[PDB]
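J.: Here is the sequence, then the experimental structure:
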There are 2 protein chains.
Amino acid sequence: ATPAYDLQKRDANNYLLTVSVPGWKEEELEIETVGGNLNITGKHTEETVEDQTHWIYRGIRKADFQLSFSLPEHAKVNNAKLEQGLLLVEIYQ
Amino acid sequence: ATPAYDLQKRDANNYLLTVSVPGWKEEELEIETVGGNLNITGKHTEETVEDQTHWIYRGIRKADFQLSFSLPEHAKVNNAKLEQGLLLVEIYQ
């Protein structure tokens, strides 16, 4: 199960990547540009003991992921903002 | 497609409802207690013209929903906090 995402083109030299990451903290998320690819990695935290009695129902699943997007030469990631359970990454030519 | 949720029991007189609502704004969300049921309604905003050329890929779907939970008599909703794409509702006996 990989996060849903959207990819938009704001114009020909710009892209906006939106990744659905509800419940993810900034420290669990990493973005890096390596060998011309943009890698977005979610590594969900060191486990926690969970009393299964306290859990009545668990419909929300959170699993580590890695998304990879080839960047056109010579594209740069300008910012990555985490807001409202969404990771927004602007990619500029 | 209804939002995923979790339901936890913090102890016997307390519950925590967590609803996955990434990208939802506070103005699109409503919680109300009516006839002993807790109703959580998401009504996604007045449409916007969307240039389908700007959309390369749209994996993130956002659809209006309504979740309903019977409250034990005499339970109250203490707060509803929207944070990190999650709606957290504490329900107290």
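T.: Looks like it arrived, so ask away. Numbers count the residues shown, from 1 in each chain, chains lettered A, B, ... in the order given.
J.: if you skip the residues just before and after it, what's nearest to the residue of chain A found nearest chain B?
T.: Per Cβ to the nearest Cβ, residue A:85 is where chain A lies closest to chain B, at 1.3 Å. (Each C-beta comes from the backbone N, C-alpha and C, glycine too.) Nearest residue to residue A:85, sequence neighbours excluded (Cβ to Cβ, 6 or more residues apart in numbering or on different chains): residue B:85, at 1.3 Å.
J.: Could I get the phi/psi values of the residue lying closest to residue A:58 once chain neighbours are set aside?
T.: Computed as Cβ to Cβ, 6+ apart, the closest residue to residue A:58 that is not its neighbour in sequence is residue B:6, at 5.1 Å. Backbone torsions of residue B:6, given as degrees, to the nearest 10, read phi -120, psi 150.
J.: what residues are up against residue B:6?
T.: Under the criterion of Cβ atoms under 8 Å, 6 or more residues apart in numbering or on different chains, the neighbours of residue B:6 are A:55, A:57, A:58, A:59, A:60, B:16, B:17, B:18.
J.: Out of those, which sit inside strands?
T.: Counting by DSSP state E, these place A:55, A:57, A:58, B:16, B:17, B:18 in strands.
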